[PDB]
Amino acid sequence: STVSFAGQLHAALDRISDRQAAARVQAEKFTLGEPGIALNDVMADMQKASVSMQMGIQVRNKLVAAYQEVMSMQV
Amino acid sequence: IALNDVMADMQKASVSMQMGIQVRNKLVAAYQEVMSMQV
Amino acid sequence: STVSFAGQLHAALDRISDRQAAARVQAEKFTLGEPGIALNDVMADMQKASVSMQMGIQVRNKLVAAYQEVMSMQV
Amino acid sequence: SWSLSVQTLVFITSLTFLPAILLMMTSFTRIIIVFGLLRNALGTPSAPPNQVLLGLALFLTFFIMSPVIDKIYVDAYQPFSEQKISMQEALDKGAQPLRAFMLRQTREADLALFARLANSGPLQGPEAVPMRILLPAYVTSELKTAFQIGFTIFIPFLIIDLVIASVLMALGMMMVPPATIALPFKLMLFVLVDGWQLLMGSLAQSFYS
Amino acid sequence: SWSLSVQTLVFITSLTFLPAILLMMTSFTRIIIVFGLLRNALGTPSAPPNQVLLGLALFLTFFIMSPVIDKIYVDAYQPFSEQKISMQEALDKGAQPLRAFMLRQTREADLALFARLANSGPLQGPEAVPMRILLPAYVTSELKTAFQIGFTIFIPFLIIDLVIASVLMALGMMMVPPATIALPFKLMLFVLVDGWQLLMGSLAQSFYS
Amino acid sequence: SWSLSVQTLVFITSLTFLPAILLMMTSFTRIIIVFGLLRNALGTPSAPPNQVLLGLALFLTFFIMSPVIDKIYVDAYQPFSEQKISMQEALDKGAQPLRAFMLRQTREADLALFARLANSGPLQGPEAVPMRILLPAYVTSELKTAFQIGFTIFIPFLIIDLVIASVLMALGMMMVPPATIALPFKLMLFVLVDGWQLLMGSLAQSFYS
Amino acid sequence: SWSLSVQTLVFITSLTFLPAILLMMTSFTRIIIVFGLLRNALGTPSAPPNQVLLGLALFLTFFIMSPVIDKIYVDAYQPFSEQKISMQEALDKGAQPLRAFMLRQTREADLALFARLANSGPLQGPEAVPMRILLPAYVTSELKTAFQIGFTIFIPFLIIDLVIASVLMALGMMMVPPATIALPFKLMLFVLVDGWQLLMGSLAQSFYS
Amino acid sequence: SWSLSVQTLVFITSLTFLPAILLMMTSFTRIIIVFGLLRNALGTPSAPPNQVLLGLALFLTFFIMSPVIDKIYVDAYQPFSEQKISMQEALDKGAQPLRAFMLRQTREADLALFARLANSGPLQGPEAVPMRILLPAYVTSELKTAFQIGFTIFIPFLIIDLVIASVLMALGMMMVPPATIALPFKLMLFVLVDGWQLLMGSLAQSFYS
Amino acid sequence: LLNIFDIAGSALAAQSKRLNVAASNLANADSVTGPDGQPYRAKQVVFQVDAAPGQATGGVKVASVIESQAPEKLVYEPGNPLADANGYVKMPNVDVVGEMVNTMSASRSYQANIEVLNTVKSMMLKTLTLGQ
Amino acid sequence: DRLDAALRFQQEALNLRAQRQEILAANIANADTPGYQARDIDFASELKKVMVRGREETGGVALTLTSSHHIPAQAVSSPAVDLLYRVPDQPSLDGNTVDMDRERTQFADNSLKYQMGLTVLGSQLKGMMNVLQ
Amino acid sequence: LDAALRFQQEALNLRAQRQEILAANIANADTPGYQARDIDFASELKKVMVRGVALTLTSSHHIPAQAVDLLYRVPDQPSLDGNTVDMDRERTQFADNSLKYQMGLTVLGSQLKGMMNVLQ
Amino acid sequence: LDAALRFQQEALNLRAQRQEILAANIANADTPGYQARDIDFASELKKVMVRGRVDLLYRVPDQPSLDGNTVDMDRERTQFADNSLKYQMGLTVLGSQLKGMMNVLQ
Amino acid sequence: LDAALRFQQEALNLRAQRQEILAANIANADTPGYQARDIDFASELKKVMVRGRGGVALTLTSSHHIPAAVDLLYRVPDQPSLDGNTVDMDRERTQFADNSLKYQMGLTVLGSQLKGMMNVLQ
């Protein structure tokens, strides 16, 4: 097919969302008392999801700045 | 009232007010960008 | 009748101040030699007053942050 | 679905794309071009665009898209509220009325060009065309329509100009500046027939037909 | 290789350098200058710069770049996805198709000037020119091409202006302002010829020939 | 010497002072002023300011400064690699080629102004001038050079405008806007001459001779 | 005396009040206003404000205030370093040259207005003016002087504009735009006079008459 | 009372509310609006807002409020300091002067609106209006007074525009851009009439009548 | 309950029960009679590993307190009730040295497990500051 | 809303941790009273019950809200959690079944998990605030 | 990408499991015949970095259910009750393992904070 | 400037020197004929403040011993404890001054 | 650059090695004929600062071929003991305390330098 900016961006945002969801489910099960999951697993995955969130936010800010700079030049 | 309840309430309200203000900022910016073009 | 949430903040500040003043006068009375008042009671009330004061400080910080943010919407 | 993460990214960014992309996606292009062209006739601006013309076009496009916004509301804002439709069927259900709206105004050979230069293969039906091809085709078609409407609006004022100049020069007025004479005649034509209501109604009718 | 430091450091800087250098390095310069010059003709602006012509130019450049970006994708994004390529060979693997594209449009002599003012030694082939030489040469060639297209666009409306003026003088229109008379005729000429379709198509077909 | 404190404290602040002092102490003033004045001729912008003219100027001035930056590299960066030099003699070692360049570009009497108004003592030679007197002298002389170039740029398009207006006047064209006809001929004269290459190259040549 | 308590607490706040109050207390009001007005003449901006004019004004103000800075240095700093002076005697020692410098430039009637609207009692001499009176009075006088210089600079370019317009439409070139013809002549006039030296030298020498 | 308990928390938040409320509740809105409008006239801004107009407005409002600040100090700070007043009667002791000042400045019809919408009953005297009513009425009245002043300030400069445009049209100077010619005449209009002193004096006089 | 806290807490419970049994022995040494009238039989605890299904290791469980069935050393007081034919009182068989050593070792093991718990608690509370 | 539906679980869990906390400190405080019968609650089952049902705290009534100066007073309130008996080891002749080691290891565990919940809420709320700026 | 944090992460996790093992050794330092167990960190970590089963997982309401080498610690000083926990060895090992867990926590903290610093 | 820490810095240095002297006293508490020494902290501090960068006076003895040794251990213990406490005080005072100077600053 | 941190770092590292050496002494406080060792800190540190910390990696070809200094002086003893052991405890005790304190000092100095650079940067 083609690079599919819309489809690619959608897939990336889905990756962010499902990493957050996996971290949240793990923390849910840990605080509910379900055996297995270790504490360091919970903290490490939560921080990984937070870093993914921050990377997405920074990408968004840069792209929004680019779009608003391009759509302001007088033609 | 529970203390943790009070701080969770604090933060929830703070986030909600932040979100409302940011949405209004986006809408006001869009309005002014629409009103600053040439006709 | 009315709530007038500035009145609610005034009530909170009055509560915090009154609690600290009560703890201070209890320490006053105890170190003065007044019979009755116990040491563990003094320390417990001082502890509770300290927690309430940090309550007030945190509310201060978040109200100042909220006001500094509502003064940023462009009009 | 998305998880307190991306939701309120895609929303705030969509609000960022609002003023340009979403406003030139629907209307307010044809209306604004026609209003500016009408301002070229009748002489000078005399209508403060930063203050009045843009807002008039804004109100007119609100009126114009009342049906599509109503159908969007019915298809999404009822179901998507709290139950059984979550941002995947909501997206296509809410895309359908706007997409039908745009496809109903697009010249049937704009899409041809933009498919033939996007290297898109066969497009099975009218619904098969993607927004990627639908956006520039709709913009080009709307520019054509705006220029047609502006030309028709220019017709009578051009007629008044030429008839007034002809009267002045035939009656012997060798070298009078017929423009200053014609401008109040332009106003008279435009107000006696109640011109503004005719214009906004004709635009509104022709916009969906 | 790089270790998720400078990766995701050079990524964000690349994003920041995107809007200016990348857009004025690929296309959308010729398109936007030609749109501006077409706006010069036909009378007033009468098409909003900051929103609609910018959006249409972005869409045109996306469509034109789709083969280039697809080559870049197949040569980096799959092979940069975790295996044997990590943002060192990704850079040059992605640059090569873009470099070939930009070379295909550069004037034969702009490269010569910028090479001769770099004191660069002799060059063997088109693969020997570096990005340092290749940016400004492409920019200058693009400006020349844009101005040539500008001529081809001004020609017919200049004809209309002059023929209207000549008719008006011969008829004896002492000092009618022929510009107001010619503007609706310019719009008429540009709508019957189906000018928006055929203009964007002509730019596209010109741009890679 | 300095100790990875104040070193790397002077570095970051030097990068802070970069965008203004360093881009307006070397080149890019004459070039950008000539580009802007050229853009005033030929009518409208016809080149996006913040993007194409600015980027092209940045590239061009990098290309003029490449010999001075080469000498600054040889006399600062290579020896500053751990050995015999650390930001004390390195300062004037890296200044001297740049000071030589600026003196070679300054007016021989702007130095006089900014020296006499500083109560500075009598100067033995070119080497005895300080950076203090050298900066404003270079800026003022560069503004003079830029305006001379701009005047020469405005010459031929002035010629085209006058000849077009005179032809229209002789033909009896009382009220035709000669600028509208003359603009495509302005671009004409600017492309058949191959104006962008000539202008870029002549700026580079004028800048060192 | 102060004890590395309030000292270095008033130093840092002094630095934060620097950019506005101190730079608008000395000069760089008159210089910036005059350059801005000069730039309204001579056509478009055509000179990078936040880049060259601001830096040139900074250098110019350094040079103009240099006697004041030297007197403050000698009378305040070295005596403040270690012996017999600590940040209260230092204040008047460092103010006296500055207060004298601002008095010499104030209109002899602004002090009257601000002293009378501050309920100030009779003033014995030039030294009885308080800083509270002398700041805003100096600001108002400086604004008046800057606008005076501004008109006096506008004059010759007004001459060029009007003579070009008269010649053009007297010759019969009824409606060629005189600004476009005039702009090269404005630049020519301002470069043959060596306008930048005359301007900056006159500003500097005016600023101590 | 409070015991270095919540005190110094309320004090620091009072300092937080200082810049916005206490400079938008006393003065410095009227003056700053008048300065902004004055800069709208006289052509281009050419007065450094962030520094000079802001500083002049701040000094002028301090000079205006010296009596009010003195009364608030004498009836609050001296008593609030250590004896018989502490942040309980301090508020009303410091509010009465500010209330009297605000009431002396309010347009008499704004209080009517804000009492009629706050559902408050009839008000017997001047004092009966509370803070909850006094603030919006004061800001509305301040806006009204500021714009009355500012538009009265425009009127003469638009007179200058009128006369210069009409003279240029009378001479037939077809399309000489009358704004450029008017700007220096607006400047001497504003300096021969002794503009800045008269304006500051009129504002100070009007601000207590 | 996190696994390691459970392991160390089970150790604490087991050590407390072991020390209690040792104290009861050391206290009722030289006790002629029980409630109904029978020798006090010396008591011991049984330590077994916990978490039987899964990993075969973890924690200690002291289920099933038992009795030390040594032959219950006798004395001769043939006028005392509780003396059978061949008057022979039954006289609990508690060895004081063994019980004192049991108390010492149980206290030391208790301390070791307490102090493991403190170490682990610090470890986890530090884990909570991972990154931030 | 949809802000207090995603943060609801950790909020409820953390409040339940605080409630179990004062239950355990009531165990500790009554260490040496006779016949106390140490109490405790099942955290997982009670958390599921809270999520499905709500709070529904049982037993509590405040006075009315008439004109000011009517001396507010409140009845003795208790959360709806059903207190469960802790199965004792080592009978102790006074009914007190509070084993220091069990109660104290549970106290430390509950403290640690309360801190974990605070960390999780802090992370989620910082994430929300990082989106919106 | 972002599995570059994997190694330390899993390493840290393994250390935690080791603690339990070592902790058990301390808990059962008195039980008869315990035969103290332990695992070798290096080989176990290498194996896990090189590398229960899925049940019936169609739509919900089918109750999903989830399904290292514990090596002998060669003893010294036999003790007649089968217990081979030389408590001194286990104390030393526990101290060292706790320390290396702290080190792993610091290393993940540093990598995560470097990542976050680049991202702002 | 930045000689506002000079007084406590020189005081702390003299305190360290006195610690060394008293440790030498304790060490030689048994060597025959030692004649215990000390320094006068006040006088030496004033002397180092007036001029900058210490005579070893002899601690006046009590209780003779026939080995000539005059280290009377009780006095030395009290003085060593006093000096250690004063050194810790100087540490706290310097710490407070540096804390203040770096608090005002950032 | 960024070799300012080298000196202290080397010192710190060398201190650690000395601890090991010293620890060996304590661990061998009674083994017969031990002959306690020690190293001269100043000379070894200066030697490391002059030159550095000899080995060669395996063949520099492609992978799948799986490619891959402190002279111990002797402590002069006192008090012989007829088992050869010359670890006089007291000296080792004070040396261990001194080495630990100076290792801490090295940590503090290195941390102060790293904090200095980080404060300048941010």
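Figured I'd write up the structure that's included with this text.

Definitions and cut-offs
- The numbering scheme restarts from 1 for each chain and tracks the written sequence of that chain rather than necessarily the entry's numbering. Residues without coordinates are not displayed.
- All chains are assigned letters beginning with A, and all ligands numbers beginning with 1, in the order in which they are written.
- Each value listed describes the chains present in this view, a part of a larger assembly.
- Side-chain calculation: all heavy atoms of the structure are included, whereas hydrogens and water are not.
- Residues with missing side-chain atoms are left out of burial classes, side-chain pairs and their counts.
- Each helix is a run of DSSP H or I of at least 4 residues and each strand a run of E of at least 2, with the numbering of both proceeding from the N terminus.
- Restricting the calculation to C-alpha atoms gives the radius of gyration, and the globule rule supplies 2.2 Å times the number of residues raised to the power 0.38.
- Should any heavy atoms of two residues lie within 4.5 Å, those residues are considered in contact.
- Type-normalised accessible area, obtained with a 1.4 Å probe on protein chains alone, sets the label of each residue: buried when under 20%, exposed when over 50%, and partly exposed for intermediate values.
- Computed with a 1.4 Å probe, the accessible areas rest on the Shrake-Rupley method; for each residue, only the protein chains presented here act as cover.
- The positive count covers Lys and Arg only, the negative count covers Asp and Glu only, and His and the chain ends enter neither.
- Here the site of a charge means NZ on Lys, CZ on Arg, CG on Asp, or CD on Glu.
- Only rings of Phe, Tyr and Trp enter the pairing, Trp through its six-membered ring, and a pair is recorded when the two centres are within 6.5 Å. The plane angle decides the type: under 30 degrees is stacked, over 60 is edge-to-face, the rest tilted.
- Only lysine NZ and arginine CZ atoms are considered, and such an atom sits over a ring when it is within 6 Å of the ring centre and within 35 degrees of the ring normal.
- Put simply, buried area is the surface a 1.4 Å probe can reach on two separate parts but cannot reach once they are joined, added for both.
- In the analysis that follows, any N or O atom pair within 3.5 Å is treated as a polar contact, provided that within protein one partner can donate a hydrogen and the other can accept it, and provided that, for residues neighboring in sequence, both atoms belong to side chains.
- Every axis corresponds to a line fitted to the C-alpha atoms, with the helix fit spanning only the stretch in contact, and the corresponding angles, defined between N-to-C directions, vary from 0 to 180 degrees.
- Angle categories are assigned with fixed cut-offs, so that under 35 degrees is roughly parallel, over 145 is roughly antiparallel, 65 to 115 is roughly perpendicular, and the rest are oblique.
- Each crossing gets its hand from how the near helix is turned against the far one by less than a right angle, where anticlockwise is left-handed and clockwise is right-handed.
- Three categories are distinguished: nonpolar for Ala, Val, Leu, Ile, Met, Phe, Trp, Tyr, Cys and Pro, charged for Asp, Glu, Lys and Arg, and polar for the others, with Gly belonging to the last.
- Here the copies are laid over each other by least squares on the C-alpha atoms.
- Whenever a carboxyl oxygen of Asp or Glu lies within 4 Å of a side-chain nitrogen of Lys or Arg, that contact is scored as a salt bridge.
- Expected span of a helix: the number of residues minus one, times 1.5 Å.
- Of all possible arcs, the one meant is that of the directions from the helix axis to the C-beta atoms.
- Like charges are joined within 9 Å and nonpolar side chains (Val, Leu, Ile, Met, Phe, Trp, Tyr) within 5 Å, but only among residues with over 30% relative accessible area and no salt bridge; these make up the patches.

## Some words on the overall build of chain J
The number of helices and strands found in chain J is three helices and two strands. At 19 Å, chain J has a C-alpha radius of gyration far larger than the 14 Å of a compact globule built from 133 residues. Residue pairs at least 24 apart in sequence account for 74% of intrachain contacts in chain J once pairs closer than 6 positions are excluded.

## Re the overall build of chain A
Along its length, chain A carries two helices and zero strands. On C-alpha atoms alone, chain A measures out to a radius of gyration of 18 Å, which is more than a quarter above the 11 Å that the 2.2 N^0.38 rule sets for 75 residues. For chain A, the C-alpha atoms occupy an extent of roughly 65 × 30 × 15 Å along the three principal directions. Buried residues in chain A amount to 48% of all 75 residues. Put simply, chain A shows about 3,400 Å² of open surface, and 57% of that area lies on carbon and sulfur atoms. Between the centroid of the 7 positive side chains of chain A and the centroid of its 7 negative side chains there is a distance of 5 Å.

## Overview of the arrangement of the chains
Take the 22 pairs of chains in contact: the one carrying the most contacts is chains G and H. Spatially, chain A and chain G are disjoint, and the shortest separation between their C-alpha atoms is 16 Å. There is no contact between chain B and chain G; across them, the least C-alpha separation is 21 Å.

## Let's talk about the packing of aromatic side chains
The final tally for this structure, using the stated rule, is 45 aromatic pairs over all chains. Aromatic ring contacts, followed pair by pair, group E:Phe147, F:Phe35, F:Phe157, F:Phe190 and F:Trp196 into a single cluster. We note K:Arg15 situated over the ring of K:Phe41; from NZ or CZ to the ring centre the distance is 3.5 Å.

## Some remarks on the interface of chain H and chain G
Opposite the 33 residues of chain H that make contact, chain G presents 37 residues. Approximately 3,100 Å² of surface area, both sides summed, lies buried where chain H meets chain G, with 84% of it carried by carbon and sulfur atoms. Seen at the junction of chain H and chain G, the total is three residue pairs in polar contact. Taken together, the elements giving at least two residues each to the side of chain H that touches chain G come down to α3 (52-80), α7 (178-192) and α8 (195-206) of chain H. The greatest single-element share of the side of chain H that touches chain G, amounting to eight residues, is contributed by α7(H).

## A word on the packing of helix α1 (residues 10-26) of chain E against helix α6 (residues 131-171) of chain E
Residues and elements named next belong to chain E. α6 packs onto α1 with a crossing angle of 70° between their chain directions and a minimal axis gap of 9 Å. In terms of axis orientation, α1 runs roughly perpendicular to α6. When the axes of α1 and α6 are compared, the crossing they make is left-handed. Touching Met24, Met25 and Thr26 of α1 are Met131, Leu135, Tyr138 and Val139, all from α6. Of the residues assigned to the contact of α1 with α6, the class counts are six nonpolar, one polar and no charged.

## A short note on the packing of helix α6 (residues 131-170) of chain G against α7(H)
Interhelical geometry of α6(G) versus α7(H) gives an angle of 150° and a closest axis separation of 9 Å. Here α7(H) runs roughly antiparallel to α6(G), going by the angle between their axes. The hand of the α6(G)/α7(H) crossing is left-handed. Contact with α6(G), carried on its side by G:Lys144, G:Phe147, G:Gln148, G:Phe151, G:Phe154, G:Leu158 and G:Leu162, involves H:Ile181, H:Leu183, H:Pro184, H:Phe185, H:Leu187, H:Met188, H:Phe190 and H:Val191 of α7(H) and no other residues of that element. Residues of the contact of α6(G) with α7(H), tallied by class, amount to 13 nonpolar, one polar and one charged.

## Observations concerning the relation of the copies chain H and chain G
Two copies of a chain can be linked by a rotation about an axis combined with a shift along that same axis. Overlay of chain H on chain G (RMSD 0.7 Å): rotation 62°, translation along the axis 3.9 Å. Mapped onto chain G, only 12% of the interface residues of chain H again fall at the interface, so the copies present different surfaces.

## Focus on the side chain of J:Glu12
Residue and element names in this part refer to chain J. Within the secondary structure, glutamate 12 sits in helix α1 (residues 8-29). Of the polar contacts made by the side chain of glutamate 12, one reaches the side chain of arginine 55; its length is 2.5 Å. For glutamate 12, the residues in contact, after removing those within four places along its chain, are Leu47, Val50, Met51, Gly54 and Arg55.

## Structural notes on the pattern of salt bridges
Between side chains of opposite charge, pairing is possible as soon as their charged atoms come close. What the rule picks out here adds up to 38 salt bridges over all chains. Among the ionic pairs, D:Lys186 bridges to D:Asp161, the shortest N-O distance being 3.4 Å. Of this pair, D:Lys186 sits in helix α8 (residues 178-192) while D:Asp161 sits in helix α7 (residues 131-170), and the two are 25 residues apart along the sequence. As far as burial versus exposure is concerned, D:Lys186 and D:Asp161 are alike and both buried. Taking the shortest distance from any N to any O, the salt bridge between F:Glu142 and F:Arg30 comes out at 2.5 Å.

## A closer look at the interface of chain A and chain K
Each partner contributes residues to the interface: chain A has 12 residues there, and chain K has 11 residues. A buried area of about 1,100 Å², summed over both sides, lies between chain A and chain K, and 64% of it is on carbon and sulfur atoms. For chain A, the biggest contributors to the area lost against chain K are A:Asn40, A:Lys48 and A:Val51; these three give 48% of the whole. Our count for the contact surface shared by chain A and chain K stands at zero salt bridges. Ranked by residues supplied to the side of chain A that touches chain K, first place goes to helix α2 (residues 39-70) of chain A with 11 residues. Classifying every residue of the side of chain A that touches chain K by side-chain character gives three nonpolar, six polar and three charged.

## Re the environment of L:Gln19
Residues and elements named next belong to chain L. Along the chain, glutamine 19 turns up in helix α1 (residues 6-27). It is 14 Å that separates the C-alpha atoms of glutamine 19 and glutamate 44, two residues lying 25 residues apart in sequence. With residues up to four places along the chain from it excluded, the contact list for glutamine 19 reads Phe80, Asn83 and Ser84.

## Considering helix α9 (residues 195-208) of chain D
Residues and elements named next belong to chain D. End to end, α9 covers 21 Å across 14 residues, agreeing with the expected 20 Å (1.5 Å per residue, within 8%). The set of residues buried in α9 consists of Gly195, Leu199, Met200, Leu203, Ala204 and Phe207. Looking down the long axis of α9, one finds its buried residues gathered within 160° of arc, a one-sided arrangement. Within α9, the exposed residues directed more than 90 degrees away from the buried face are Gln197 and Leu198.

## Looking at a nonpolar patch on the surface
A contiguous nonpolar surface patch, about 840 Å² in accessible area, is contributed by F:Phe11, F:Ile12, F:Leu15, F:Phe17, F:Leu18, F:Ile21, F:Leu22, M:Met118 and M:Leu121. By the element assignment, F:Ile21 lies in helix α1 (residues 10-24).

## So, the side chain of L:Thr70
On the secondary structure map, L:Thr70 appears in the loop between β2 (57-58) and α3 (73-103). What L:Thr70 contacts, discounting residues up to four positions off in sequence, is L:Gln35, L:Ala36 and L:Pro61.

## A few points about the environment of A:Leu13
Tracing the backbone shows A:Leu13 in helix α1 (residues 5-32). Between the C-alpha atom of A:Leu13 and that of A:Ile57, which follows or precedes it by 44 residues, the distance is 11 Å. Setting aside residues up to four positions removed in sequence, A:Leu13 forms contacts with D:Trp2 and D:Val6.

## Looking at helix α4 (residues 90-105) of chain H
Think of an α-helix as turning once every 3.6 residues; residues three or four places apart then point the same way. Residue and element names in this part refer to chain H. In this model α4 runs 24 Å from its N-terminal to its C-terminal C-alpha over 16 residues, within 8% of the 22 Å that 1.5 Å per residue would give. Of the residues making up α4, those classed as buried are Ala90, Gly94, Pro97, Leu98, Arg99, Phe101, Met102 and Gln105. On its buried side, α4 packs onto α2 (30-40), α3, α6 (131-170) and α8.

## Quick look at unusual backbone geometry
Of note in this structure, G:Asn119 is not a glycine but carries a positive phi near 55°. In this fold, G:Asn119 is placed in the loop between α5 (110-117) and α6. Not every positive phi belongs to a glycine, and J:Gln90 is a case in point at roughly 60°. Mapped onto the elements, J:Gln90 comes out in the loop between β2 (84-85) and α3 (100-131).

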